[PDB]
There are 2 protein chains.
Amino acid sequence: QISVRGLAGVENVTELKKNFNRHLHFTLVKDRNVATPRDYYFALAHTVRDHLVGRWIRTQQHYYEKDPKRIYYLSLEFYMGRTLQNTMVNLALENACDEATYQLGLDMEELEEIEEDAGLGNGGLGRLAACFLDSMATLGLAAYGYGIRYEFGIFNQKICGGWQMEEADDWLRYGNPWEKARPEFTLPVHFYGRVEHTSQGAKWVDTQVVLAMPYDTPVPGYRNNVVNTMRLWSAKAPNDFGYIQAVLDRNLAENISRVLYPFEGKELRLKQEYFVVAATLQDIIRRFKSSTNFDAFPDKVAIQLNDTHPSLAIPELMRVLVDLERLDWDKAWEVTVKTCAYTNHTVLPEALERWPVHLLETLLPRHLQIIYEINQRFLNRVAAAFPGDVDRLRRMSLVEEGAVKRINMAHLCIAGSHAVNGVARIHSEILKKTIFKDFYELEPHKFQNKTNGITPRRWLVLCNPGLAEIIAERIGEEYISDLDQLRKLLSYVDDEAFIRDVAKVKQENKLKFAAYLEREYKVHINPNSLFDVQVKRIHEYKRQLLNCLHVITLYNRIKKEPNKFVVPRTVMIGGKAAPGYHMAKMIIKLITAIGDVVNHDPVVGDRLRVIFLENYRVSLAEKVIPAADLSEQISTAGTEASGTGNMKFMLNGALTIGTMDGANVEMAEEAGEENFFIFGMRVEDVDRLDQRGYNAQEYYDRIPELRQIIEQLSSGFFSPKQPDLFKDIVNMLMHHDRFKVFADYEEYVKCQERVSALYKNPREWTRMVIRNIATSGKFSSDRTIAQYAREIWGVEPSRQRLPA
Amino acid sequence: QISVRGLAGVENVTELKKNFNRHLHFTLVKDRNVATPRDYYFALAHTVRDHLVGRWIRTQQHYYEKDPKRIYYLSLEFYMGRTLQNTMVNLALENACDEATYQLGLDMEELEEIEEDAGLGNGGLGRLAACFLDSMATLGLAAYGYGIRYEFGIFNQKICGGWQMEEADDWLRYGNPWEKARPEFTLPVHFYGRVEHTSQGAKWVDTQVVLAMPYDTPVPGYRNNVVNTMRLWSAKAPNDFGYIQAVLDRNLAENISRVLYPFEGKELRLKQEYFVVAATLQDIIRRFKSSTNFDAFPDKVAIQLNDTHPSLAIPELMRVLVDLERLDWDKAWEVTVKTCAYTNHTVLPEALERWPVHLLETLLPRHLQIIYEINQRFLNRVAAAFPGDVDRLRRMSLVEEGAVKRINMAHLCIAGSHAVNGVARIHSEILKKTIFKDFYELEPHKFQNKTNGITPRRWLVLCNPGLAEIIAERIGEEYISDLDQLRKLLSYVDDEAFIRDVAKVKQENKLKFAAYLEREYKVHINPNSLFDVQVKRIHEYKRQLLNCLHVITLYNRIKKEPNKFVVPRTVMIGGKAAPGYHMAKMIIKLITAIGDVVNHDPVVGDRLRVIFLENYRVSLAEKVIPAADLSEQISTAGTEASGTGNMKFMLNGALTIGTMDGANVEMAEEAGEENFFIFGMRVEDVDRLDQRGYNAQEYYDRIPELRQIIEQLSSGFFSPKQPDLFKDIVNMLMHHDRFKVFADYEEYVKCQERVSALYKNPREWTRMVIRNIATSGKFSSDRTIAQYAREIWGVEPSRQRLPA
Ligand SMILES: OC[C@H]1NC[C@@H](O)[C@@H]1O
Ligand SMILES: OC[C@H]1NC[C@@H](O)[C@@H]1O
């Protein structure tokens, strides 16, 4: 249909049709009589997979020949979403498949909707890694994603009477046609045991052996015929493991790759972490030996560590080079530091892993020895650089004293890596000034920034084809792999035909999403209202509560002056809470409770709707973001390391209400502050407040509108049958608010009125939109990856094709 | 190469080659560079599978149209062996594939050897069901095998210092290309719960739901284009089943289809049994409704129950018809009796399932109620037929008193079935006279015989192509689906060219197997010796111990007169012992212990070898039976219900040494007693001995040669480092021998001398062989199945093709 999807020729369409029939017939073992839409989805998925694998074989063939420096991206989270459309777009098969399935009496869009989201990630970190794989392939890097094939992803979220219910994600129930099991490349991973010393170094012995089975998923670049590999590890018990009981207990080892953790210091967590690290490192070493001399290892291998999760890669690499390959400490260490780099994804104190010594002792005794020995040599470097600074010595130690003895894994990461980066400028500055100040003063050259990005493939071409077409009409298709080219849309801010087109696309997207809400969730929304959307994980730092306070203000204002005009709004909030995070679960209930009162008040009518979006995930993100008018990015300054949803919204025609936090600062810098709704405390202001002490009572005393809301919550206004249901929320807001919701309330409400004012003038809104879209180029993951490649890994990106 | 495999044409071979490459490329995701022989095996297996599925679809399509009476064969054992060659032969693809793989630089025979045996059965019962599926498809019956997809089969047997070690059978490690998972046809199976009564009948409530997932395996008929289905059930936990623990405990439900039991009254056993029954019955009912009126059910459905294992099918069918479909008792019962039939496979007291009431109460409360109610109505039938016979009432009851209360499942089987059969004439007679006398006197018309059979496809054409070719040269190919035609070989017993050919085939088979022993197991055997082979499960009734006593006699005779001529022999014994069957495990050790002494005695030389065959299984049976001269079938009279190995040997050119037990009686009747080495007690003689009382001491007192052997065993002759190792064996032989080994010793040794005498005259041996092969026609499973079809199920077999 459109230009951004490819050619629907004569030979391709005819050839696709007979491969569809072949897979339905031979692969699926069905005919037209018993074939359900799911079988049709599988037949198409298998047919498209055929074109991937041909390119996949050639790519790995190619890397064998050229022998380039290999990048290893290690994450415990790969938040992939659906694969079919992404695959069709990157291979230029979308129109051929659409025409081909049409000629068969099939709707392709109906088929796409049957694919389950890969349950392989939680949130930002996981989606980031997905965007990166896409970018890495698009830029011709010989890169590998490595992680765990969780049998059950992050839970599916169901709402029952306003409460989050968790239910298992059986995304694999019907099979995954994209993955290829590789049982022939299975690998031992060791646990417990003991250390023995011999005239010939240390030996790890009497170990429980868990086997690690790899599944491979192809990762297609954008129209460059490069197809990289994402390799995911599954746990499988060994074969010599009454007789019936020995076979049943094989389940115990296989529990490692069973569930993604929604930092909780459980053993199973540590085991997952070592599991992915150990198998991955064996694979990396094996691949390098098919190039003896580990001097060249850093020129052939780059390993990127994402948060403290794969931190054990450092002692593990040491263990292999020292105990097994017989290299001297100093040489092994030189190789480890040059190979590894460390990205920090968030400063949240409750996410920087600190393991108890008594646990590493039991589970990985040799690793503890290596850590102690790393710590010792590192501390002599500190001692010699800062003579007499004993407090620095204990601050910088990898070992923490007091209560239980712990190993700070972030400190390990810094010591054993040649580069350390944060994920947006302000965040990387914060690392340098606060939590890693000591390490920065010792090695200022390790510390870099790499502002996060999103892929324009999924996050524009795939999810918003309408917008993608009108851009291409004016400036052509080159922007898809070079998003900076969107600057050229600046010369169109005054063009009347373009203003109308941007506004029409937005309204089409809104109408569409409005109709999805009704069909699948029977809830009725006004499509000409302002689509006010906050979508991300539920957490107090993200301050869904601040949004809640605004929604109630608008409602109270409508009740006070009902016959006075207000810009209508649909307020949408979606996100999962962590299962044991009580406050987050209460917030969800608060939101749905506000909906119950507001959506059923006749005096309000269709002027305010509060909708909770159930089971927020990648594929729901692809539907809601194109339809949004207002992006809520309202974390307390200094808490959101970057964010990436914000970039998704910028790129899709939403204006942003936000604090100067994470990437917001750089988004506002790129579009100009005038084109951005910035409100609230900067980082400096939060610090000043922290010094004097935060007293929420003061805000309750001076702001009558806020006082009313607190009273309403306390007295059961939003919970008539359980008057004191939100007592924990009120009590937290009043006495124990770490994120200072009340302090940003006034300026947030004031900013919101300005958002409303501007929306009454559609023409000016849309011009402001154009200025955002036109300046979103910096936020491409192509740009991010290009920077990692040049400043960290030491490989040159490439835009060159591989033969078809 | 040969005529019995098909045409290797021009279009087929060319077309097979590009499908081989397609699966290697696209299915396997490999190229010539990384492709191991296993990948080549998988590429061929996938290519041949393509031709199956085309016929598979049409067959089920066909049955939908014609709507024939459907046969359901229920077994907890399906002992399938390898599938590739069987598949090639039945489709007539063997020569096309051989030529096709040759043109690619591949040896097909090398590839065949990479396929693992389906770990889905234990022994006779399991192999019987396999032969039957083959026969049912060959004879055009709309039949379905139903059972459990055990994740780990029967253990693999390893010998370590003469002892059986059990190790898990991970036959699925690399995947099974023959099966098709069907997640879309998953089914609930209920456990525990309670019964509630309502104005509207009984209700089963508060049940644990285990889900039952079906895997389908195609079952090709012989060159008739019929392809039936074998459906196997896998356990999978439900979706609403801290949060981490709820996901891990999903393993508990999935333990149902985890391991085949090597009758042990465990709960997990009962659960497996109910599991297969419940899901199977739901499937049967569903299929019948796509024909309201359950009067026609018996005309559309036949269910065959194999031993007491699927006995719960009877109360389960009642439960569905009464509680769910709302039929009256009497009508439901009429339907159940007409649908079900029961085969008994062995009279072994320790294999007739008797479950404790307290267990059925807990696990299946409604089923217990239905059983009690069945028992009540059945006992009124007994009371009215035999007025005043109270002991008959308690003998015939489904409920047993004393100690723990038990349900006799065999009694249930008889009451709720319209036919009951044994598996060889003598065995069916025994059922009528002894263990089911009471039931026979009440309903003489239920009781039938159906002598077991083997398939000539696997057990001649597949395993012995050499013999298959020389037969076809003289009489053509028609015998493969009509084995009675072997009678025509009678007119050849005096033909000189045929005598030589039979003898040459045998020697080729022997040379071949001799060379397999050396390569894979480095053990050196004389190929001109008499190949004396006893292969079957190790059990005292099978009397491997009697064979052992002969081997030691021969050895002692050689030591006494070393320079006297004896017909050289290789004595081969193979078989698995049940893990907790102590005596059987000791017997194995005894056999290997005899080997240690005998194979290393210089004075013996290559005149006697004792080899234990490790890990006896279907594919080893396919190698050893063609190579055998002497078939040991030496169970105590009245203990072997039929046997089937015996028929395998008869058909492959071995003479038989045996007791008049099971099918031996009918084999001797068909070939004439003169052409058979019958020895020992008949059934009548065992009875007479049982009456007087068995005193083994008496035989030890009168037979000096036997006395010597006992002394040797006791004094540590075969166990020098552990003198008293075989004390349990001696002690059992002497005081607690239930199978009367000593009583058959003299006549067994005497018979063995006659076997030896005849072997010195090769020409007469081979003529006697011809007379056996020529009369083995009755033992075809085609004949057996034809009889089940006509006398039990009420369907007419057919030899007609389906379109190609
Ligand atoms: O770096 C991935 C994510 N970590 C926390 C967010 O601020 C950031 O986008
Ligand atoms: O009927 C299957 C098997 N049960 C015991 C054996 O005698 C018989 O072949």
Side-chain angles (χ1 to χ4, degrees), chain A residues 56 59-78 80 125-126 128-147 214 216-222 224 226-233 276-277 279-291 294 296-307 309-310 313-314 316-317 335-343 345 413 416-421 423 448 450 452-453 455 780-800 802:
Chain A
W56 199 14
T59 308
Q60 304 311 313
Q61 232 151 249
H62 182 93
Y63 297 158
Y64 204 58
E65 297 302 342
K66 302 303 164 176
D67 190 53
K69 178 157 186 181
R70 257 100 161 186
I71 327 283
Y72 296 99
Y73 195 84
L74 269 64
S75 177
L76 270 99
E77 258 198 69
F78 287 97
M80 305 295 275
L125 166 82
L128 182 75
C131 289
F132 279 17
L133 291 186
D134 182 278
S135 284
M136 286 185 289
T138 296
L139 296 183
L141 300 174
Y144 299 76
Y146 271 94
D216 295 348
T217 293
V219 170
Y222 180 74
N224 66 185
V226 167
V227 176
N228 284 344
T229 295
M230 167 177 75
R231 165 161 295 184
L232 299 181
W233 292 112
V276 60
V277 166
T280 298
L281 269 146
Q282 289 196 67
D283 224 26
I284 292 166
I285 282 143
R286 169 190 64 72
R287 210 176 269 114
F288 166 81
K289 280 176 155 173
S290 316
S291 279
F294 285 82
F297 191 78
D299 301 309
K300 293 294 168 184
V301 178
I303 301 170
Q304 193 76 24
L305 308 179
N306 262 23
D307 271 336
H309 307 156
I314 295 165
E316 180 60 24
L317 185 49
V335 163
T336 303
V337 173
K338 288 188 61 192
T339 299
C340 291
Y342 162 63
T343 307
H345 292 275
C413 274
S417 302
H418 77 266
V420 178
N421 72 280
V423 294
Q448 301 181 29
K450 299 285 169 278
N452 278 167
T455 178
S780 167
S781 43
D782 300 339
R783 187 273 311 154
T784 316
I785 287 307
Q787 294 179 322
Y788 275 91
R790 294 176 171 120
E791 307 172 57
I792 297 174
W793 306 325
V795 297
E796 266 299 323
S798 169
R799 274 273 62 207
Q800 280 184 207
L802 291 183

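Below, all heavy atoms of this structure are taken into account, side chains as well, without hydrogens, waters or symmetry copies. The sequence lines fix the lettering, A, B, ..., with proteins before strands; numbering per chain opens at 1.
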task: Step by step, work out the side chain to side chain donor-acceptor pair (under 3.5 Å) result for A:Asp283 and A:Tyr146.
output: CA-CA 10 Å; A:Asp283 224 26; A:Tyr146 271 94; 2.7 Å; yes

message: Would you compute the distance between atom OG of A:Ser781 and atom OH of A:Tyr788 and round it to the nearest 0.5 angstrom?
response: 11.0 Å

message: Determine whether A:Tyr64 and A:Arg287 satisfy the following criterion, side-chain contact (heavy atoms from CB on, under 4.5 Å), listing intermediate values before the conclusion.
response: CA-CA 10 Å; A:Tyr64 204 58; A:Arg287 210 176 269 114; over 6 Å; no

query: Going by heavy atoms in the side chains, are A:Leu317 and A:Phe297 under 4.5 Å from each other?
result: yes

field: Approximate separation, where rounding is to 0.5 Å, of A:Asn306 CG and A:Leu128 CG
entry: 7.0 Å

message: Does any part of the side chain of A:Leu125, heavy atoms only, come nearer than 4.5 Å to the side chain of A:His309, both counted from C-beta?
response: yes

query: Are any non-hydrogen side-chain atoms of A:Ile303 and A:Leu281 less than 4.5 angstrom apart?
result: yes

field: Pairwise distance CD(A:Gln448) to CD1(A:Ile792) - rounded to 0.5 angstrom
entry: 4.5 Å

- prompt: Side chains of A:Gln787 and A:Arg783: is there a donor and an acceptor less than 3.5 Å apart?
  reply: yes

message: Is there a side-chain contact between A:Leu141 and A:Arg70 in this structure, where contact means two heavy atoms from C-beta onward sitting under 4.5 Å apart?
response: no

message: Check whether A:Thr280 reaches the backbone of A:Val277 with its side chain - one donor and one acceptor, N or O, closer than 3.5 Å.
response: no

Spacing of A:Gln304 atom CD and A:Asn421 atom CG [to the nearest 0.5 Å]: 6.0 Å

- prompt: Just wondering, do A:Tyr144 and A:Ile284 contact through their side chains at under 4.5 Å, heavy atoms?
  reply: no

field: Polar side-chain atom of A:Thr229 near backbone of A:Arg231 as donor-acceptor pair, under 3.5 Å
entry: no

- prompt: So, A:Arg799 side chain and A:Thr138 main chain: donor-acceptor pair closer than 3.5 Å or not?
  reply: yes

message: In the structure I gave you, are the side-chain heavy atoms of A:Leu133 and A:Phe78 within less than 4.5 Å of one another anywhere?
response: yes

query: Minimum heavy-atom separation for A:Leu76 to A:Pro310, with atom names?
result: CD1-N, 4.5 Å

- prompt: Within a strict 4.5 Å, meaning less than it, do heavy atoms of the A:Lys450 and A:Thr343 side chains meet?
  reply: no

query: Of the non-hydrogen atoms in A:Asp134 and A:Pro220, which two are nearest, and what is the gap between them?
result: OD2-O, 4.4 Å

statement: Looking only at heavy atoms, the pair that brings A:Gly453 and A:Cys131 closest together is O-CB, 4.4 Å

- prompt: For the residue pair A:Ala786 and A:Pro797, what are the closest heavy atoms and their distance?
  reply: CA-CG, 4.0 Å

query: Shortest non-hydrogen contact from A:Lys69 to A:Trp793?
result: NZ-O, 2.8 Å

field: Separation between CG of A:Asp299 and CG of A:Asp67, rounded to the nearest 0.5 Å
entry: 11.0 Å

message: Taking the side chain as everything from C-beta on, heavy atoms only, tell me whether A:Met230 gets closer than 4.5 Å to A:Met80.
response: yes

Minimum heavy-atom distance between A:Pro218 and A:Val227, given as atom pair plus value: CB-CG1, 3.6 Å

field: Gap separating the OH atom of A:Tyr342 from the SG atom of A:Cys413, nearest 0.5 angstrom
entry: 5.0 Å

